[PDB]
Each structure stands twice: as C-alpha cells, then as structure tokens.
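Down below is the structure, laid out as structure tokens.
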Ligand SMILES: COc1cc(/C=C/CCCN2CCCN(CCC/C=C/c3cc(OC)c(OC)c(OC)c3)CC2)cc(OC)c1OC
Ligand SMILES: COc1cc(/C=C\CCCN2CCCN(CCC/C=C/c3cc(OC)c(OC)c(OC)c3)CC2)cc(OC)c1OC
Ligand SMILES: COc1cc(/C=C\CCCN2CCCN(CCC/C=C/c3cc(OC)c(OC)c(OC)c3)CC2)cc(OC)c1OC
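Residue numbers (the entry's author numbering), protein chains in the order written: chain 2, -8 to -1, 1 to 225; chain N, -8 to -1, 1 to 225; chain W, 1 to 222; chain H, 1 to 196; chain V, 1 to 196; chain X, -8 to -1, 1 to 196; chain P, 1 to 249; chain M, -9 to -1, 1 to 213.
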C-alpha cells in the first residue's frame, strides 16, 4: 500500500486492418512539476509487441526490467527463441496481468495502467488493458487516464465496432492517434508536446517513431478573447 | 480564527541606563519562502516610542495604521499634542493590549506579538510586550519567537536584574543587540541579514538606524568539516 | 536538559546540567547525565532517560568486548557507528539524543546523534531543552584554538545559559575533559551555583507525634 | 497559473499564461487573466477564479464611483480597495492579486496583494503557482528602467519557464502595456515562446 | 536543502548548501551533504538525514565489497545500488539522492533518484527544497561541455539563488570536483556569493 | 485508561543516619471504588526492600518475579543480594519490557551488609534509575509527596526521628489524594534490625 | 549448511569412560606447562611462551588473557580452542552478568559459566570436547582472591596452587612443598618463577615467560579519574623488564 | 486552529490569620519552557483593604483584576463611597466570573483582607465563580506541593499529643503574622526546588487593620 510519486499520463491505442498503433507522451510528472521530459513510456518487447505504461514511473522501470528478463529467460534452452517459440503478445500480457493481480492481492500494488499492443503469430491483432487492480479488458480502442475520457471518443469514431477494423487503414488510424494526442495536449494539464508512437503491422513489423511533436495547433482565436464576460479591451 | 500567511520573525530589545533599544530584521517570509526583503517591522510612533511587530504581516499593517489614526486623533482639539498631552509609550501600549485581548476574546486574533519600546515623559524607560492572546509582561530584556530562546539568554548576561540597568551604557546595550541579531541569523531559518534598529534615549531622543547588515561572521571553520562521521576527505 | 561539546587545541570537553524532570516536576535535582562509553569516550544524554542509559551501556559493553578482541583502544567513530545503526533500526522510538566525544589513537572527536539515527560533526554542539540558550553562548564566544581552560569555561557558560534561561535545565554543571595524551578527567559537580538557602524553620517532630496501631519486628535472616 | 507585472522607463507591463485548470483537466486554455479595473489600472488575478472575478468586479465598481466623484484614482488607491476587500474577507477568499498601473506623476507602479491581505509595492512582482520556478531567474534578470522591448522580453522568458515547469500554467502568454501612450494588448503563442 | 550535480568537459561537479533544519531552528549550519561512496563516485543527500546517511553508509559498503571482488564500479552501478535500496524500501524512506561519478570510459555522469525509486540519467540534476526556485535559471543557463570554471560559476550562481529564496537552505556552498586529475573540494562563504 | 492510575497507591523512602525508611498506603481501588484496605506495596528479598506503586496486577507480577530472581541469585552467588546490585537488576528487568512495560514505579531501600551505607533508589516504568541520598517518592500522590518531603526532610535523622518525618509525609500526602489512603505501613530499617509499624489514618 | 550431526560424538564406552573426554584430557597433558598460585594478597598465573620459529613474534603469542578487569586466565593444550573459549568467556561475563546486575561476575561464577560451555561440547550433537584446561584467577569483593582449574569435562575445582600440561606432576609436587597460607603476592611470584624453571627446557627470560597478577587496584590503569568509587583493574600482566628484573633470585 | 487560552505558570498562596491576612505569589511568568519575566507581580492591592490574585492564564487574570478594581470604584460611585467589605467583594467576584460561564476566565482566584469583625479573611474561586471562605489556600502550579504541607504545619493534621498515642489531637493554637510568613517562605522554597514553573521571586502582601503592607524575597533562578 503506497502512493505514486513520479508519474506518466495517458497511453492511447487502437487497432486497424493489419495491426495496432499505440502511443504515449514523453513526460514524467512529479505532482504538478513537469519534471522529466525524456521519459520513454512505450516499451517494445522483441519485435511483435509493445507495452505502453502509465502511472508510477519507478514501478514502470521495474516492469521494464521484468520484461527484459522475461525475454532473456525465454531464450534459455529454446532453440526456437526467435521462431515458433518467441514471446507472443498474449504471453507477455497474461504474465503481466498475473503479476498486477498478485500485487494488488498482497495489498502492495504496482501503481500502473498498462496496455499491451501487438500482432499474434497467426496475424491476429492483440490489444488488451490491465491496471493496478488486476482488472483486464479488450476493445478496438483502449486508453488510460485522460485518454479514456478524451482519446477514446475520437478513436471510437474511426472504429466503433469489430467490423470497422478491416475497413480502417494504417494511414487513417495513425492520423486519428496523432489528432488525439493533440487534443490531450490541449486539455490534459499533465501532458507534454513530445511523444512516441509505434505501429505493429503484420507485414511491415514493428515501426517505432520517437521525438514526434504535436503540430498544427489552433491558438490564434485567443487574441479575440478578452476579459471574462463584461470587459471590452 | 485564522492562520498567518506572510510573517516576520523575532523582535528583540532591552533597556539600558538612559533608554531602550529595539531591533527587527527586514523580512517577510511566506512559509519556507523568504518572500519580501524590504519589510520595516519597527513602527515609530512620535519620538518617544517605537513599536516592533512580529507575526502576520497583514495584521501588522493594520496595526500600523491604527497607530497613525491614534496620532491624528490625539492631536484633535489638543494644543498640547506636541508637549504634555503628546502620546506616551504607556498609552500606546494599553491601547494595543486592549485591542489584542478584545480580538482574542472575539475568537479572531490579530496574529502578532508586539513589543512597545520607549521613554516616558518623566524619563522612565518603557518596555512591554503583548501578543495575539493579550498576554502582557515586562522585563529588562524582551523578545519574540526565536529571540525568546536565543536572544534573551545573551541579553540577560548584560541586564540580569533591574539593578543592572543604570550600569549598562548605550554602547554596551547596542553591542549586545547587534551580536544577538547575528546569532539569530546563524540559527533562525526564517531570518534575514538586513535589519533595523532603533534607540530611544532620554537625552538624545529617537535614533532610528535602517539598512544595517550582520557583520563579523565566523564561517571559516566550515572547510574542515567533512562527512557526517567516518569520511576523511 | 542542556548538554554541550567543545573541541580544544589538544582535546575535547563535554558538559551537562544536573536536573531531571517528570513533566514539570523535578524528580532528581542532581543526576549525572555524563556517561562513560569507554574510559576515554564520554557521552552526554538528553531525551528519554531510560533510553539514554540503556543505549549508552549496550554500546559501551560492545565497545569493550570489541577492544578486547582487537587489542586496540576503542575508537570514537566505532561508538558512533554502533549507536547510529542501533538508533536507526528503531526508527526514533528509542528517544536517545547524544553528544559523544573522546580521544583515541586517531585524535579527538566530537559528534552528535539524534534518535532517528542521523549524525553530525562539529567543533561545538548542544542538545536538549537548553540547546538554544547554550548555542547562543557558544555561537557568540567560540573561536578556533582554545586552550583547555578556555574550552572548560566556554562549555561551562553554555550549560549556565540553559540552567538560568531554560525551565528544563538547572542545578549543577558536570564537566568531562578528554585530552589527547592523558586520562579522561571527570569533574562531577564542577559548578554548584544553585545551593538551597537555609529554611526559616525546622520541621523535626516531637517523638510520638504519629498515631500507631501495631508494632512488629520483621525477619530478614534465614 | 503564472502572472507578473514589471515596471520600466515608460510605464508598466502585465503578463499571464492563459490556463485555468480544474485538477488535471484544463477547463480553459485561452483564459484572460489580465483584468481592467480602470483605463490605466489593471490587475493580474490568481487563486479562486470566482473569488477573484468577484473581487475585480467590486473594485471596478468602486473606482468608477470614485472617478465620477474625485476624478482619476491613483494606482495606490486601486491597490487599497483591493487590500481592503482581501484583508477584511481573508477567511473566505483565495485570491492573490498583482495590481499595476500608470500615472504621469508616478509613472509605472506595481503592488502585490498575497493571501494575507498584506500589500507590497515592488519594482516587479511574480505570483501564481508557476511563479516558484522563476524566482531565481527573475532576480538575476530584472533591471530597473528597462526599455519596452527589453521588458516584453524579460516577461516572455520568465513566463515561458514558468509554463514550462508548472503544469498549472500554459496556453498563450498575454501582456498588457501601460504607458502615457495608452493601452496596448500583446499576445504570444506556444510555437514562439516554447523555442526560446 | 539545495543540491545539484552538473557534468562538464573534464567530468562532473557536485554542489550543496550547508544548512540542516528541524522546524525553523538551524541545527547545523556547516553540514556536509556531499558524501563519498567511492573514490570517484559521490552523492548529494536530500530528505531525511537519518535515512540518507544510513543509505549512503550501506551503498559505500556495497561498493567496497564490489571493488574487492570485481574491480572499480561504474557510476551507473553505484546508481543501481542507491535505486535498489530506495525503490525496495519506499514506504520507510524519505530520500532524494543525486549520484555523481567520474570514470575514464564515459567521463562524468549524473543520476537522480527522487522519492519513490525511479532513476534518471541527466546532464545535470537539481534537488532539495531550494531546487524549485532555480528551475527557470538552471534551464536557461545550462549548456553541455562547459569549462571547469564556467561550471563552478554556474553552480555558485544557481545555489546562491536557491539559498536566497529557500529558508531551508543557506550557510556555505560546498563543491566537489570529480575529474581525471582527482578530487577537489571547494568552499564559498556568504560574504562572497550573497554579493552575486 | 491511564494504567498507572486505575488502582492508586503511594510509596516513599528516606535515608537517615545509619538507617533508611520505606512506607506505603494500603489502598487498592478500582478507580472510584475502594476494594481492599490490605494491599501492601512493600516487599523484601533478604535485607533489601522493594516498594511498587502503579497497576496492581503488575505490582504482584513484579514481586513474584524478583522473588524468583533473587532466590536464584542466592543459590548461585551463595549470598544475599545487596541494594545497589538489586537496583540494577530492577532497572534491567524493566527495560526488557521497553515496548510493553509494566506500569509501575519501583522504589528500593536497604542497608549494604558489607559497607553499612544506607541506600535508596527510584525508577520509572521502563527502568531509568533515580539514585538520591535524601528521598524517593512514587504513586498517585507523588507531587504531594514531593512537596511534603522537600519541606519535612533533614539529613542524618536518627531512626525514631526519621520515623516521625516519613510518617507525617506519607500521611499528609495521601490525605490530599483521592486514590491513596485506607491505612499505611512504615518500615524502619537498620543493618541490625527492622521495625514495621502500621499507622492510624482517616478511612475516607 | 546441512549439519546432519545431531547425534552425540562423545558416548559412554562399556567400561564407563567417556572416550573423547579422556583423549581431550590427554591432549592437555602434552601441552606446555602453566601454573597458578594463590597468595594472601593476590594471585599469580604463569606459563611458557614457547616460540615455534624465532621469526614468530613473542607478544603476538598471548597465553595470558584478561577476562574481566579482575579475572585472568591461562591454559595448557590446544591454543586455538582456548582463544575461542576466551572470547565466549568475555562475552558471557557481559551478557549474563554485566548487562543484568551492572557489575562483573564474581570469579567462581564466571568459571562455572566457562564450565557450562565446555560441558556442552562433551554432549551437544556434532561436536568434540575442547582440548584445553584453564587456570582462572580472580578477585571479587565477597569471595576475595580465588584460583580455579577447569577441564574439558566441564569440571572445575578451586586450588591453593596447581599446574597443568607436560611438567604438571613435578610442578605440583614442588608447589606442594613450598606453599604455605602466609605468602605475600611477591613471594608466590618468586615461587612461580622457580617452578617454571624446571619445566622450561631452554632459554628462560622475560620474553619466553608470561606472567599475570590478580592483585591490588591499579588506578594508574583506569584511563579516567573523577569517580573515586571506581578503582583500577586488579588484573596486571607483568612486563618482560619486570620479570627479568627479579630473575636475579 | 486558534486556541484562545494559555498557561503562564505561577503559584499563589493566601493565609487568613487572626487580625491579619496574607496573599503571596511568585513573581515569575513562564511560557512552556521559557521565562517571560523574573519580575511580573501577580498579587494586587485593589482598595478597601482587599488584595487579589487571579492566577492561571495571565491575560485572563489581568482582565479579571481590572474589572474588579473597576467594580470597587463604581461601587463607591453608586453607594456614597461605602466600603466594599470582603464578603461582598467575594459575591461580586462570583458574578464577574459566572458571567463568562461559557467562555471562562481560565484562572483560579484568591482574595484576602479582613471581614466585618476584623478577623482575617481569605476567599477562593473557581474559574466559573464557585467560592468559599477559607483558612488557607494555595493555587496554581505548585498548589499540590504546598497544600499538604499547610494541612500539616497549620492545621496540625495527623499530629497527635506525644504519649497519648493518637488519643488527643495536637491543639491548634493560632499564629502570629511572623510565623505565617516563615511558613509561606518555606512553602515557596520547597515549591521552587521541585517545580520548574516556581522561582525567581516571592512578593507577599500583608493585610492588617492599618492597611496593606508588601514584602519581597528572592527565590532560586533556574
Ligand atoms: C496560480 O493560481 C493558483 C493559485 C493557488 C493558491 C495559492 C495559495 C497557496 C496557499 N498556501 C500556501 C502558502 C503558505 N501557507 C502557510 C504557510 C505554512 C507554514 C506553517 C506556519 C504556521 C505558523 O503558525 C503558527 C507560523 O507562524 C509562526 C509559520 O511561520 C512562518 C508557519 C498556506 C497557504 C493554487 C494553484 O494550484 C496549485 C493555482 O494554479 C492554478
Ligand atoms: C526530559 O527529556 C526530554 C524529552 C523530550 C521529548 C522528546 C524530544 C523530541 C525531539 N525533537 C522535537 C520534535 C521535532 N523533531 C522532528 C519533527 C517531526 C518529524 C516528522 C515528519 C516526517 C515527515 O515525513 C518525512 C514530514 O514530511 C511530510 C514532516 O513534515 C515536514 C514531519 C525532532 C526532534 C523533550 C525535552 O525537551 C524539553 C526533554 O528535556 C531535555
Ligand atoms: C522540504 O521539502 C521536501 C520534502 C520531501 C519529503 C516529502 C515530499 C513529498 C512530495 N510529493 C510530490 C509527489 C506528489 N505527491 C502525491 C501525488 C501523486 C500524483 C498522483 C497521480 C497519478 C496518476 O495516475 C496514476 C496521474 O496521471 C493520470 C497523475 O497526474 C499528475 C497523478 C505527494 C508527494 C522531499 C524533498 O526532496 C527529496 C523535499 O525537498 C524539495
């Protein structure tokens, strides 16, 4: 039983016709002080899986280590460590969802919300959520923190249900994500302009974009805004 | 019932053969923040009286203007406001004391500690203290806050009983006050280097020294202090 | 309680007031607050008295046991490390606040330890309710390169400021002088400036004043 | 929020971010925190928006009534009406206000009124939650009697740092310039002050 | 407490103020918050003095044992040991540590381990209560690969500012220079840095 | 809810010339209710005397325990324990319970069978030792006891003079205490012999 | 790890002997001779500082050890077993005595405590008896001066004077015809010096001989002054210059 | 939050003699462990040969004293300069006090003078107005230290006639002002030894048919 100190905000994600996109900003807040700006909160596991993380950053760093070690040990006495027996996204998630739940059940949680994004070896897209409570669920869109309030409603307009996934291309889905990221930067006070994004496509593999910035911002209308109701100058 | 916001630390003072001295540093702190460095906390009323105020600085400013109103009103219908029926140190004290105890009694204190210093018309030294409870007392030395704990012991080494007062000169008195102000600067975390000092002498009248600095500090021995126990370098 | 430590040119001196208080009651007008850890490592204690003695004797015991093992004179830094690691373990619940000074093969040392386990180094230190009054003095009269006699006077005036100006402190000043090439010097009641005046009357009673119901011998032998 | 007012040769400039927040949610990203209580008397508001809008509204009313009776009020008087409302109602207000204005007799003036209801006349004044981070910066960079351009830059830089570090601050930097020439409103957008 | 470590051309420098307080009483005005854990690996202490001393004591041991067995440890290794202690005992510790070290392979390195147990590698880091006031200044004034006298000056100025504003900082400014040349201790008194 | 004050009781001890005295009231109450008028609070192990005020269950437990320990001391050391040594045994046994202590206030009195020197000492509930050559007080009326002793006490009082003093100090203090009284006992102790007198006091 | 010897290593033989104790006893007999003497006002214990190589250091070879500032011990037999036993002994004097009564144990009690440790090694699972015998000399306030012998069996006895190791039978016979109950400390030292001579095969000086006294209080050896009720240790180890000095007799 | 009350220490004592009365208090004024003043009188002449002490929370004490003095002056104004007899002053004081029954004067009050028959009088008060005439009363810090002593050495309690063995109480012959004063002094010196709040100085006001006399004696200053 604890409280988060250094924290990361929204992780957003959705799935398109041939894979998943997931994104997260590069900020580690310390209460209201925006302390660390070079914080990578997307963690790729091999080449078919990215795990995005929000919440306590020390706990994130721990989970990070758990994931490298999961990879090291999958290699041990496994000549198929990069073939029929590589880490699958469903394996990593079930692992993670298992630890979160045990940690909550010892009344000493990992203070995090996790989305695991990837493509399964049969081509299937994987997108599932887990948090400090051990609660898990899936949806064509998934987001944590402010993202579940602001990002989901936007992303859900591209992909409302299951049948929308095949109709959604990677161009459309990526644009939706970059938009949502801007909305989040408009309205969430713990967000940063700089973020990272990752595509996990079943033909092109893992593409990992970093040092992105939120661009095309509308602020101009602010000059025409004066006082708080009655003022004229 | 309130809580203080912007604050002033110790006011310290004593009486010598011919009058009194009173000192106060020029700072208003905002909790741990050392916010304002120009604050004069010695309020002269007339030329036989200085009033040093610690505690909440908004309440001090209020008290400060009460004092001006008190000088204006004394001079109404009074051809003797510049002699005989001029404001006396004890009058100014009894008033403040009255207000303090009244505010306490309304459960809405003037969040302060006041020391009234001056020379009465007959020649007698006046030195008395009142605080946010309306508690009052007199002693050959007086101090608020840290001054009570660190200044008073130094000052009582000079004036330890009433019979010591006609023995103590202004130079000796003024010496003690200055050393005390330095000790306070060494050891009070809410204090300031810059301070004001006022001397009210029965023969020289009011002498008010602003913009004094703490001088003659011993810091050199700090080079030899390494580690917190076993470290040699 | 008021305790101080002052380093001088060739040694270290510690002093303490003599008063022990249960709330606002003086329980012992004359107790010694100066504790031997080893023949030339002395300690001044303020806080929960039981803890001040118990922690001082446990470390004292171990310091002896360890110097017998190693065939070396005990070092002040070892009392320090053993005190601190013990206090730290107990997270402040052992209310021990200590000024530990002494001479050993490495020289002369002055440390302070707070109950939670933090330690400090200095040429002069104080602790206790009288801490601020004493420090006021120290802070005004201290200078490097004191003689032994100056440091005794300086330390002794610091305790005095606490006695007079602190309600938690009073009666007498104890001093201990640990110089480098000589025996530790332990001056119990080095100052006794609070002697009770003669009373106006004698309250000795006439014999038989008290009413008795039964009288009896007690058997204390086998 | 991050607010400041700085005096210079020709007058005085007020500045502010434009972010008001309810928790971590940015309720308004184009807030106007620079507030007119007279032609050449403006204030920077911080604290409870309700408490602080209401105080400004009352002060506007008072100085307007003052004006019709005794002509133009001094900056010092504007500060006094503020202090009076803030001090006597200290139990039920969370307001931290910087009052700033221009006279031909007096040039530029800055008063800060913090949570006390205390009042302080300063060559410059910072306040708001973002202010803590730029205490050092401003103390090293304020010079008296700067030019208008110097001063606009000093505020630009300070406020961009406050916005950088404090998440309670952000959006646009607004300024209001008060000189004999009159009243000039300035704005500065993210893409400009971020890369400084 | 005000502390920082900055990496420059020939390694890294650590700076601390020298004031330890309980409430408003300065219990020690000549504290040494710069703490040796290996010859060329030091740390900056902020938080509980008990916690912070106890943790450093332990790390020193761990690195002394590492040395016996595996030769000289990297600055990152020292960081991992601080981290392990801090993260694993986060319920019972209150420590913000800065870890600084010289090593010929990667020159000077700076790690920060704040409350919690996170570990952050950076060009420089600031921490302690005094740190909040100099965030704006440090960010405007840091550049990589500074000379040794520029880095002393940058640290002297930041800290003097930190001390000016934070009542829980003060005293003397202590520095430790970790260079290929060895280990240098610097000290600056009030009558020197107050005039800055 | 204040364990040291559920049952009430007092003990005082003084030194005179080649003698010591130790005395206690006889009350055991359950708060306001008086329960027993025969709850003696003074014990002996050889020529060493122990008074215990505070929580009655712990008083009894502590007395049984020092019986047990001082018996073993005798069987091994082949002598009786001395007051100085026993004081140390008391102190260290109390500290063994530093974090769940017995709620008592011990007082030790006795003459050193080798030196003949008179010895008294007092402790708090966790074992801190107060050794003084004048008087030691403990109990619900300890402030009363302090006031009385500080006025009534002279050094070097002969045994029968000392008896008058200690009695008047105990008696008059219990009378300003709602939780003490119901009888008193006084032990006058010399290396030669020991006398035990019950006192006549008000019973309210 | 996995100490599976929970059964006893010293058993009763059918004759009724405890083999391992006899053998330990035997290892003592072949040890260098050491002796003790009780005088009216002191005790002396003595032994031979038999250097293996002359490259070894004499001081480094301690056979005489302070246990308590009023208690010394010396031995014959296996020296490492002794060193270990000394440290348990010192610790127990604190742990079961100083930390409970606030004073050092009387000499017989510390002895029965060393005896306890030794007995357990003749009975606990997985251990062999200690291969030493000790003479222990002390002074407490109620028993005055005393001298005890403790054996690997756990048995101990008080002696006016005794000796153990190689030359014990000769030494004991010689001691018997020189001991009266009116020796000063100084006399008994001289006698101890004589008795050692016979057992010492070669060079016989202050650097080949070790000597201790349990005697008067040395307030010169206290290390501090100011508490008159605290006098010096009664234990004193003689210097080579001290031994040599009275070897002229 | 704001707590409207404080403690300033002090101990006061009143003994009603035969044709006299005394009311004494220490002259020390404390806050926690600090000394505010070593001389700050606490026993006042009020006129009409009445002395009063209001000990406890000092600000409250002075409010009460001031109001009562005012009551005496206004009583003259309203009743042809009639003398406010001690019993009437006592009833007056009950009403002053009870007036604040729901925001009490945090003080314990004693007054002393002579009744209408010339006999010595002492009245003691609650913080909320309850009162009694009394032979002698201590109030404040050390009251529990002094009260049992005065029980013994003034009312001869638990003293019986030598030889009767508790059959005849020792007879309570009453005391000159000079003896009463010795008892007061020894009570206070006993007080200042064992209580950290009592010390510095002793001011005694003596009420006779000839008016009010004042005496001062120093106390220990630690
Ligand atoms: C920019 O707009 C904003 C304004 C505010 C509201 C600002 C007001 C701050 C409130 N306080 C902080 C300032 C300090 N404070 C009290 C100081 C604490 C120290 C305790 C203390 C108590 C005393 O009482 C006895 C003292 O007197 C001895 C004393 O000595 C100085 C110290 C309490 C109140 C908050 C915001 O979000 C984060 C915000 O961003 C949109
Ligand atoms: C007879 O023996 C005595 C006993 C005592 C009672 C024990 C003394 C206490 C000592 N201290 C006084 C109280 C102040 N103090 C530490 C303050 C509290 C620390 C808790 C804390 C923890 C935190 O977490 C890290 C905090 O941060 C959120 C925090 O707030 C800033 C506060 C340290 C030291 C006092 C005496 O003086 C009259 C005395 O006579 C000499
Ligand atoms: C004298 O001052 C000091 C005190 C201390 C010791 C106490 C300091 C505590 C400060 N805290 C800062 C960190 C913040 N905090 C609690 C709030 C945590 C944020 C919860 C959170 C969770 C989220 O998702 C799980 C969020 O994202 C959606 C989020 O947005 C910010 C916030 C409390 C604690 C330590 C210091 O340095 C080492 C120090 O010097 C500056």
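Beta carbons: idealized from backbone N, C-alpha and C, even for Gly.
| Check | Outcome |
| --- | --- |
| DSSP three-state call for residue 114 (chain N): helix, strand or coil? | coil |
| Taking just the CA atoms, how far does residue 26 (chain N) sit from residue 217 (chain 2)? | 36 Å |
| Using the rule of at least 16 other Cβ atoms within 10 Å of the residue's Cβ for burial, across every protein chain shown, is residue 43 (chain P) buried or exposed? | buried |
| Let me know if residue 236 (chain 2) comes out buried or exposed under the rule of 16 or more other beta-carbons within 10 Å of its beta-carbon. | Residue 236 (chain 2) cannot be examined here, being either before or after the span of chain 2 that is shown, -8 to 225. |
| Ligand 4 and residue -5 (chain N): does any heavy atom of the ligand fall closer than 6 Å to the residue's C-beta? | In terms of ligand content, the structure shown lacks ligand 4 and carries ligand 1, ligand 2 and ligand 3 instead. |
| Closer than 7 Å between beta carbons: that is the criterion. Which residues of the stretch 123 to 143 of chain X meet it against chain M? | 135, 136, 138, 139, 140, 142 and 143 |
| Could you work out which residues of chain H lie near residue 251 (chain 2), taking near to mean beta carbons separated by less than 7 Å? | Nothing about residue 251 (chain 2) can be read from this structure; chain 2 reaches only from -8 to 225. |
| DSSP state of residue 36 (chain X), grouped into three classes? | strand |
| With a threshold of 8 Å, are at least 3 pairs of Cβ atoms found where one atom belongs to the stretch 150 to 166 of chain V and the other to the stretch 20 to 36 of chain V? | no |
| For residue 122 (chain W) and residue 32 (chain V), what's the separation of their Cα atoms in angstroms? | 11 Å |
| Residues of chain V with CB closer than 9 Å to the CB of residue 236 (chain N), please, in chain order. | Limits of chain N in this structure are -8 at one end and 225 at the other, which puts residue 236 (chain N) out of reach. |
| With 7 Å set as the bound, which would you pick, yes or no: does the beta-carbon of residue 106 (chain N) sit closer than that to a beta-carbon of chain H? | no |
| Mind checking which residues open and close the alpha helix (DSSP H) that includes residue 165 (chain 2)? | 162 to 179 |
| Using the three-state DSSP reduction, which class does residue 166 (chain M) fall into: helix, strand or coil? | coil |
| Any idea if residue 32 (chain P) is buried or exposed, counting beta-carbon neighbours within 10 angstroms, 16 or more meaning buried? | buried |
| Buried or exposed: residue -9 (chain M), going by 16 or more other Cβ atoms within 10 Å of its Cβ? | exposed |
| Label residue 59 (chain P) either buried or exposed according to how many other C-beta atoms from any shown protein chain fall within 10 Å of its C-beta, with 16 as the threshold for buried. | exposed |
| Applying the 10 Å Cβ sphere with the 16-neighbour rule, what's the burial state of residue 131 (chain N)? | buried |
| Give me the Cβ distance between residue 215 (chain H) and residue 144 (chain H), rounded to the nearest whole Å; I'm assuming they're in contact under 8 Å. | Residue 215 (chain H) is absent from the structure shown; chain H starts at 1 and stops at 196. |
| For residue 74 (chain X), which residues in the same chain have their Cβ closer than 6 Å to its Cβ, ignoring the five residues on either side in sequence? | 104 |
| Please list, in chain order, the residues of the stretch 138 to 150 of chain N that have any C-beta partner in chain W closer than 7 Å. | 141, 142, 144, 145, 146 and 148 |
| Go ahead and pull the three-state DSSP assignment for residue 36 (chain N). | strand |
| With 7 Å as the threshold, decide whether the Cβ of residue -6 (chain 2) is near any Cβ in chain H. | no |
| Which chain H residues are close to residue 26 (chain 2), counting only those with a beta carbon under 9 Å from its beta carbon? | 164, 165, 166 and 167 |
| Just list the beta strand (DSSP E) runs in the stretch 121 to 154 of chain W, keeping only unbroken ones of 3 residues or longer that don't cross its boundaries, in chain order. | 124 to 127 |
| Of all Cβ atoms in chain 2, is any one closer than 7 Å to the Cβ of residue 53 (chain H)? | yes |
| At 7 Å on the CB atoms, spell out the chain W contacts of residue 223 (chain P), in chain order. | 39, 40, 183 and 184 |
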